[PDB]
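K.L.:
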Amino acid sequence: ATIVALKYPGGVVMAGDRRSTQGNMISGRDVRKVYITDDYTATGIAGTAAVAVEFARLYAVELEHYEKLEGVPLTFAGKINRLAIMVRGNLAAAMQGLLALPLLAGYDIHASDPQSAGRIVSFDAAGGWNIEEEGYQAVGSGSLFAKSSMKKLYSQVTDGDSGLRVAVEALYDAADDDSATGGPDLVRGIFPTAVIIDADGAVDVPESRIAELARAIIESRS
Amino acid sequence: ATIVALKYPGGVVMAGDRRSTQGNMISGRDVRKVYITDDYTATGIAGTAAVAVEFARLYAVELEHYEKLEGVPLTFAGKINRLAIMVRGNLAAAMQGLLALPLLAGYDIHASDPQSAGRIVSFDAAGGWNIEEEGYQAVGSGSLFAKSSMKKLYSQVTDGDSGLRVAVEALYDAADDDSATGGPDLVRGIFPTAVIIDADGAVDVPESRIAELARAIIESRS
Amino acid sequence: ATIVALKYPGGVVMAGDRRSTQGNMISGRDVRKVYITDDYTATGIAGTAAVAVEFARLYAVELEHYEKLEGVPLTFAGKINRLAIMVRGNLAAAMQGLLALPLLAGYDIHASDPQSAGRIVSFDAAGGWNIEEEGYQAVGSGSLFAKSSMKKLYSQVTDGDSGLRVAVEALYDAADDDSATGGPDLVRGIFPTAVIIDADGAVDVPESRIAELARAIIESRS
Amino acid sequence: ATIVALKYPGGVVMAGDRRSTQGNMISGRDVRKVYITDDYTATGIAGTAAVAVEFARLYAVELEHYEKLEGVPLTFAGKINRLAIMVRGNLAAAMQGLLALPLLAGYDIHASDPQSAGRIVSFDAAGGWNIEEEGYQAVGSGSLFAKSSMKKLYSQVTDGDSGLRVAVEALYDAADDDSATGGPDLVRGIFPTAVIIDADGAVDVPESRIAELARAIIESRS
Amino acid sequence: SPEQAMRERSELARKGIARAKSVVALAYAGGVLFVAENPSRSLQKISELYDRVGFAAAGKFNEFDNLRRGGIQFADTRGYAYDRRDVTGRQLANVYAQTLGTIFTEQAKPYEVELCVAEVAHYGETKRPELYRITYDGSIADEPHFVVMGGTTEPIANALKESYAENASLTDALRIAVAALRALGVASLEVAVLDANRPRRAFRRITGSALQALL
Amino acid sequence: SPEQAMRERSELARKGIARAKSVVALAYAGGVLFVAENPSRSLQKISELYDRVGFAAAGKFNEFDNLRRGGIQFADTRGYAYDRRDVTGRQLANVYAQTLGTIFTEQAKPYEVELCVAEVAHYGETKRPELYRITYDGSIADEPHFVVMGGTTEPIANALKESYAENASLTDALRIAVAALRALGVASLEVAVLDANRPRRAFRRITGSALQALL
Amino acid sequence: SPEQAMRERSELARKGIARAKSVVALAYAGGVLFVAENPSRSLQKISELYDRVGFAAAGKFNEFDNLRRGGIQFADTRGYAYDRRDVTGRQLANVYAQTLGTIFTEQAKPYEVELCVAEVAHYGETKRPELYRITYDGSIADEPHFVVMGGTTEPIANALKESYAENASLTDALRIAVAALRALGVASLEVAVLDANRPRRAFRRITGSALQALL
Amino acid sequence: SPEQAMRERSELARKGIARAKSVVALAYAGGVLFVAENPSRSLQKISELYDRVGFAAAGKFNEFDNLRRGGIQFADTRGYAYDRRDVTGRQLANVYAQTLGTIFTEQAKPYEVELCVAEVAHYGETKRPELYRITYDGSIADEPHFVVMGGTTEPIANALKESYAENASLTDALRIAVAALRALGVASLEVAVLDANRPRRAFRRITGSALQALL
Amino acid sequence: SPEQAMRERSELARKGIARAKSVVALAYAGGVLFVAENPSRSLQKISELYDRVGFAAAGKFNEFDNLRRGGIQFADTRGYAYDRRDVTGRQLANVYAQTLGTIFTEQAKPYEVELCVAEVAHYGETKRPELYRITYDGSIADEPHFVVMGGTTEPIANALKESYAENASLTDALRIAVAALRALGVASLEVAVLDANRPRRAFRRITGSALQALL
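Chains as they are written, first to last, in the deposited numbering: chain W, 1 to 222; chain X, 1 to 222; chain Y, 1 to 222; chain Z, 1 to 222; chain J, 8 to 190, 203 to 234; chain K, 8 to 190, 203 to 234; chain A, 8 to 190, 203 to 234; chain L, 8 to 190, 203 to 234; chain B, 8 to 190, 203 to 234.
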């Protein structure tokens with residue numbers, strides 16, 4: 001399982017693969033791991049479908065509950081703090097074999113420069129968080145291969161389409177190197193899922209755009 | 001022990017075997033493991049008779065209690081959530097040697113397309129759940145053989161009779177490969193139990209239909 | 001220690017041996033392990049005299065307490081449920097070396113067919129229960145030998161006397177194969193104890209009938 | 001340490017030795033282990049002087065407290081039940097190295113046949129109790145030798161004097177075979193203590209009667 | 008002075024029930040019939056408790072709604088602990104009498120409600136239906152024919168004391184009760212039955228054109 | 008002023024019992040006979056407590072039903088803790104007197120009940136039956152012949168103070184008590212006995228045509 | 008005397024609500040319209056509870072603000088425990104009636120508030136809107152057309168009982184309600212709607228020049 | 008006003024004891040003699056507490072029965088914690104005075120009882136017997152010769168203030184006390212002694228023909 | 008009678024505040040100005056709560072000192088749990104209204120205090136200052152220009168209702184408020212401002228010769 005996130009001028013993009021495994025046995029082929037949590041943020045957890053959907057459900061409930069009580073949404077720092085509290089309150093269970101490390105992507109609407117308002121936040125096992133400054137991040141078992149691919153491909157990113165293409169290619173490289181990550185499935189027609197957040201909000205990327213991008217990458221590598 | 005479930009156009013079918021074992025010793029020959037829990041759902045737990053009947057009893061009590069308090073039945077997602085809570089609240093005891101993994105089959109009456117309203121939900125040890133998209137699922141110690149048999153036989157399913165026949169044949173293959181699963185007993189006249197759920201509700205399949213189907217399969221394999 | 005139970009047309013019979021052991025040392029020769037708990041049920045626990053008498057005492061108190069509070073006796077299913085709760089609430093102590101597995105025999109007066117109203121219920125270590133459908137059951141350390149003897153002798157049972165004779169012969173075979181079970185003692189005059197439950201209620205079998213039956217079996221085997 | 005009890009026509013007799021040991025070292029030569037607890041019962045615990053005296057003190061307080069509150073003494077079965085509760089409430093400490101197994105002797109005044117009104121009750125580690133039917137019982141580290149001696153000598157018991165003599169001889173045999181049991185000490189003049197319970201109540205046996213009986217046994221064995 | 012306080016609390020409760028609308032329960036050939044005046048399709052006065060036990064009430068809505076939820080919880084717990092066939096309407100009527108007596112004694116304001124519990128026989132059995140009436144102070148009475156609660160009950164009680172026919176049909180009994188309440204179309208009427216012919220669950224509501232036909 | 012409050016609570020309780028129906032207990036040759044006026048087959052005024060101990064009450068149904076359940080619980084716990092033969096009717100009468108005195112003193116409204124506890128001898132023994140009467144304030148009295156509770160008791164007490172015959176038969180005693188209550204057929208009568216000839220459980224109810232024959 | 012205390016508490020609460028300002032809720036073609044007089048942009052009288060449920064209140068600000076926070080907490084917990092589509096306005100109205108009745112009975116001073124709960128149909132469905140009115144003592148009523156709370160309600164109730172048109176437009180309904188409240204510009208008016216055409220969240224506020232245009 | 012409340016509670020308690028029957032305790036040559044009027048063989052007024060300590064009471068049966076059970080529990084616990092010879096009647100009289108004072112002060116109704124504690128010397132010792140009288144408010148007094156409690160005590164107190172002889176026999180003392188109570204056969208009399216000549220337990224009851232002979 | 012008790016508690020609180028000294032808060036070009044009469048340099052009437060939130064009070068010192076400490080604790084906990092920019096003066100005013108209403112209702116004596124909460128915009132932002140007034144019973148009002156609390160407020164309220172100029176300077180506003188309080204030198208005056216130009220913490224005190232120059 002691998003989720004990637006990268007920043008482009010005017011927004012941020014996040015994408016993940018679709019495989020779930022029980023040892024060496026493939027247990028799922030259509031897992032969704034990236035969820036929109038509010039109008040300007042999205043979360044991705046590298047794990048089973050249930051853990052991702054449940055963590056995203058609880059985080060979205062907390063954010064909307066605050067918005068309804070107080071009349072205004074939380075600031076980006078407040079959202080990071082609430083997520084960090086939820087992650088920290090699970091360390092004993094994580095060391096008991098149930099560890100969920102999330103990745104957060106968002107757009108800050110109160111920033112002075114809108115072209116650099118995209119944000120990426122990662123978390124560690126102890127519950128610590130870091131705002132990333134290089135422009136990309138990856139979590140999961142193929143995260144090192146994906147990060148090494150983005151390190152070489154990031155110079156080509158100039159807007160949303162280039163960023164989406166680079167994210168799909170990084171996921172393809174992670175699948176090429178690690179067997180717990182699933183590649184594009186042309187026989188069944190299953191492709192990675194992506195979310196784009198910009199000044200207008202977080203939207204889901206349609207499956208045909210991802211399919212055309214993945215097919216172009218495959219013909220390029222042939 | 002093995003329970004199978006598969007989707008056909010207009011409904012869903014679920015069936016299980018009748019054997020209980022204590023090591024290599026046969027302890028039961030007439031175990032019932034599939035129970036109707038409400039008018040449109042059925043549950044199957046791979047285990048002893050008492051665990052299956054008690055889990056089904058508690059789940060049915062919870063569903064009817066909600067229906068009586070609120071005046072309306074729960075949605076399908078609410079039923080999944082309640083079952084997932086019950087499964088999750090048993091993980092320590094499961095790792096203590098008492099693990100019960102249920103399989104849920106149902107018909108959603110609020111879906112827009114009635115021919116695809118059948119649902120199959122599986123659970124994992126940690127309590128996670130997945131809605132299945134391939135059309136069939138199996139749990140138990142012979143679940144891999146049954147799933148490999150359904151993978152090859154699923155193209156023949158076009159309605160309720162074909163689905164019942166394919167389910168019985170998958171259980172026969174599981175019994176042929178794994179000794180904890182019991183096959184059709186012609187000397188004693190004991191056959192697997194099945195439930196069919198469609199737009200009119202969940203009904204038990206009579207024993208003579210299953211008996212004729214199993215006899216035809218046996219003469220085909222001879 | 002072994003207790004046997006079998007169903008005949010019009011009732012049920014239950015019998016147990018009289019030996020208690022501390023390792024290889026004989027510690028008791030007159031242990032009673034089968035007790036009448038109400039007007040239509042009897043219980044047998046394979047163990048020491050104190051455990052059997054105390055469990056039977058508590059179960060009888062519970063049944064009579066309900067009957068006095070509510071004005072009516074419990075149904076057979078309610079009695080099974082209460083016994084299962086008591087058995088389940090002892091699992092940690094059972095794994096601590098004090099395990100008591102009971103066997104229940106009863107006559108259901110609300111059944112439509114009085115000739116098949118006899119019931120036999122067994123319990124497992126985890127607390128699970130099963131209603132038996134073959135016509136006989138045995139618990140204890142000689143239960144396998146007794147069950148294999150009843151499997152061959154059950155075709156001769158046509159009424160209460162035949163059932164009593166087959167039960168005594170099964171206990172004799174268990175004693176012949178396992179040293180923790182005591183056989184008929186002709187020097188001291190100690191014989192197994194039996195209870196017969198029919199439409200008129202549960203009664204204790206007199207010792208001279210059992211003595212004559214055991215003597216006839218012994219002369220037959222000589 | 002050994003305590004013996006046997007039944008004669010018209011009553012019961014109980015006697016114990018006087019030795020306490022700390023490993024192989026003799027730590028006491030005048031330990032009293034048999035105590036009168038009420039007008040018709042006596043208890044004996046195989047152990048140190050303090051444990052025997054304290055257990056007997058608590059049991060006597062409980063019996064007299066009930067008699068004062070309710071105006072009548074408890075029945076024999078009620079006394080057995082209270083003693084069994086006290087013994088059961090000590091199992092963890094017993095497995096922690098402090099195990100006290102009591103032996104109870106009594107005379108039932110509400111029995112229909114006064115010549116068989118004597119009772120002997122033994123207890124096991126788990127707290128279980130048994131009413132004895134053979135006529136004698138022994139507890140302690142020399143209990144097997146004493147029981148094997150009483151098995152051969154019990155045919156000579158016809159009244160209180162014969163029973164006392166057989167009890168003293170059984171204690172002598174236990175001392176002859178096991179080194180934790182003390183024999184009659186002729187140099188220091190220390191002899192076993194005995195209690196006789198009959199229709200008139202429990203009385204202590206004077207030391208000179210025991211001394212003459214022990215001297216006659218010693219000259220017989222010389 | 009305890010007698011003055013008891014008299015005042017009783018007067019308060021009886022004024023409270025006197026200003027409410029009327030619900031009547033009748034035993035007929037197929038079970039028990041519940042008829043109440045309710046212009047709201049959203050707040051119900053008649054409900055089920057268990058498989059063969061029914062609930063009806065008159066007075067303040069929130070108080071008897073709380074009572075109905077508590078009774079459902081009690082019946083479900085008892086049925087799961089012992090078994091389903093061990094739950095009867097007598098136990099529910101007794102538990103309601105105890106809780107209403109406790110509320111009347113300990114609480115600042117008594118409940119202004121009147122309750123009725125109805126039970127029918129199990130499937131394939133013949134037994135006369137039972138009707139229990141529980142009053143605000145905890146008094147419990149057993150009625151063989153009919154129960155009238157709420158509003159002015161004497162004229163309705165007379166109009167039913169006459170013309171009541173045992174083993175009557177559903178249509179005749181419905182018409183008779185509708186006539187008796189006047190001493203009302205599909206709207207402003209809530210109607211339910213306990214159907215003894217049903218296999219497990221005897222409670223069902225009669226709504227819409229099906230109720231229109233039977234009127 | 009404690010005296011005024013005590014007088015008012017006593018007056019309230021005695022009015023409450025005065026409006027209830029009458030139950031009478033009589034000692035005869037075979038044990039104790041319970042006769043009460045009860046037009047309901049569903050709410051019982053007479054019950055058993057233990058093997059040889061019986062219960063009877065008059066007044067508000069829910070209060071003495073709660074008392075009867077508590078007494079059954081106490082007797083069952085005592086019998087299991089010590090043994091069965093160690094449970095007597097004196098202990099039950101004492102525990103009832105303590106709880107009624109506590110309710111009379113601490114609670115807002117006293118219980119409007121009157122209780123009677125009856126015991127008979129064990130099987131194969133000869134001992135005179137005992138009757139204890141417990142009053143709402145906690146007073147306990149021991150009666151040798153009969154107890155009358157509920158309603159107007161003076162005329163019934165006279166009609167039984169005369170014509171009472173020790174070692175009378177079941178039929179004669181039943182007829183005598185039925186006559187005395189009038190100062203009633205199979206319906207509206209609840210009848211039970213404590214039968215000293217029974218091996219373990221002495222309580223049994225006389226219902227239907229068997230009661231009709233003995234009248 | 009319970010009746011005097013109840014009368015005084017009711018009088019206190021009704022004086023309290025009588026001195027407050029008026030808020031009116033109206034059902035129109037696209038959902039429910041909330042119009043209230045509020046000269047403050049900082050303390051709001053109208054709020055949302057869940058996806059299709061709205062909140063309105065009149066009286067003391069802190070009391071109904073506490074009630075609104077409690078209702079939001081209840082709705083969020085219920086939606087997370089079962090699921091989102093299982094949360095309706097009926098449950099919220101019932102829980103509000105229970106808590107207001109408890110406050111009226113147990114607390115020293117009753118709440119001087121009047122509440123209204125509104126629900127609309129889910130996206131792509133056709134169902135009539137529901138309006139529930141909850142009163143300080145816990146009374147709950149179901150209204151089909153409109154609810155008027157606070158101040159003097161009879162003239163506003165008449166001015167809306169006439170001229171009310173079902174399936175009216177947003178502009179016509181807004182003008183009609185603004186006219187009825189006079190029996203007020205962008206300032207001193209708080210306006211919100213429950214828009215049935217929205218996919219998930221139906222609540223939105225109309226502020227500023229957008230409200231000016233629609234007037 | 009605390010003084011009015013204290014006066015009323017004292018008056019209530021003294022009326023309560025005034026309507027009860029009389030029990031008298033006398034010191035004679037062999038110990039202490041208890042004589043009481045009790046027509047019941049089942050409810051006892053005289054009891055033992057410890058080996059050489061006796062109990063007597065007058066008034067309401069359930070209150071002093073509760074006190075007697077508490078005293079037995081206290082004596083048994085003290086004897087087990089320290090030892091048997093460390094339990095005296097002074098400690099019991101002090102604990103009774105403390106509990107009666109607390110009941111008189113804190114509880115709604117005071118106990119209408121009067122208690123007496125008697126102790127005798129241990130076996131093979133010579134010491135004068137002690138009699139302590141504890142009153143409902145907690146007052147404790149030490150009496151050297153005799154104690155009279157219950158009913159009208161002045162005439163009995165005079166009839167014993169004369170004719171009392173120290174070191175009298177059992178028969179003479181019994182006759183003297185029986186004479187003094189009249190200012203009664205085997206029935207209606209409860210008689211017990213604390214016998215100083217007994218080895219451990221000094222309490223024994225005189226019943227039946229043995230009591231008849233000594234009269 | 009709840010109305011009499013509420014009237015008496017309100018009268019007590021309003022007498023309590025009437026005997027206190029006056030504090031006035033004014034919105035000017037650079038933020039909010041606090042001016043109070045305080046002859047003590049040691050017990051302060053004006054304080055800060057958070058980065059841009061200020062506190063002022065009138066009445067009994069210990070009560071509003073306790074309130075100020077509680078508000079500081081609440082603001083610090085909220086800022087640490089969510090973040091600093093998520094703490095506003097509206098939440099503090101709401102929490103103060105809730106706690107003052109609870110004290111007015113449940114406690115024996117109400118608090119004789121009047122509170123004011125002021126907030127200014129964050130650094131580099133343009134937003135009008137907000138002034139909230141919280142009254143002893145829990146009433147909360149939002150004021151756009153100025154708040155006057157304590158003593159006789161009508162003449163000061165008029166002297167400020169005239170001559171108040173928006174976007175005035177610090178010196179002019181200080182002189183104007185000093186003039187209005189007379190309807203006072205460096206001593207007997209406590210002066211503080213919320214300076215919107217400060218980066219993080221907007222609260223600062225004006226003491227000594229710096230205050231002398233600006234007068």
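Note that CB positions come from ideal geometry on N, CA and C, so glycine has one too.
I believe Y143(L) touches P117(L) by the beta-carbon criterion, under 8 Å. Please report the beta-carbon distance rounded to the nearest angstrom.
P.N.:
6 Å
K.L.:
In terms of residue numbering, what span does the alpha helix (DSSP H) encompassing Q156(W) cover?
P.N.:
Note, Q156(W): premise wrong, no alpha helix (DSSP H); not H, not E.
K.L.:
Determine the extent of the alpha helix (DSSP H) in which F191(W) is found, giving its start and end residues.
P.N.:
Where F191(W) is concerned, there is no enclosing alpha helix (DSSP H), given that its DSSP letter is neither H nor E.
K.L.:
Can you find a CB in chain W that lies within less than 8 Å of the CB of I24(A)?
P.N.:
no
K.L.:
Who are the Cβ neighbours of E44(B) in its own chain at under 7 Å, not counting the five residues just before and after it?
P.N.:
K28, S29, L188, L203, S207 and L208
K.L.:
From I190(W) to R223(A), what does the alpha carbon distance come to, in whole angstroms?
P.N.:
Straight across, the Cα-Cα distance linking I190(W) with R223(A) is about 38 Å.
K.L.:
Which residues does DSSP list as the beta-bridge partners of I36(X)?
P.N.:
BP columns for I36(X) point to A42(X).
K.L.:
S54(J) to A211(X), Cα distance in whole Å?
P.N.:
Roughly 44 Å separates the two Cα atoms.
K.L.:
Can you tell me where the beta strand (DSSP E) holding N130(X) begins and where it ends?
P.N.:
From DSSP, the beta strand (DSSP E) with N130(X) extends over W129 to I131.
K.L.:
On the three-state DSSP scale, how would you describe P184(Z)?
P.N.:
It is coil, neither helix nor strand.
K.L.:
Determine whether the beta carbon atoms of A50(W) and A94(W) lie at a separation below 8 Å.
P.N.:
no
K.L.:
Looking at the structure shown, is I80(Y) part of a helix, part of a strand, or coil, going by DSSP?
P.N.:
helix
K.L.:
Assuming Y89(B) and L74(W) form a contact by the criterion Cβ under 8 Å, report the distance between their Cβ atoms to the nearest whole angstrom.
P.N.:
The C-beta distance from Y89(B) to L74(W) rounds to 6 Å, short enough to meet the 8 Å contact threshold.
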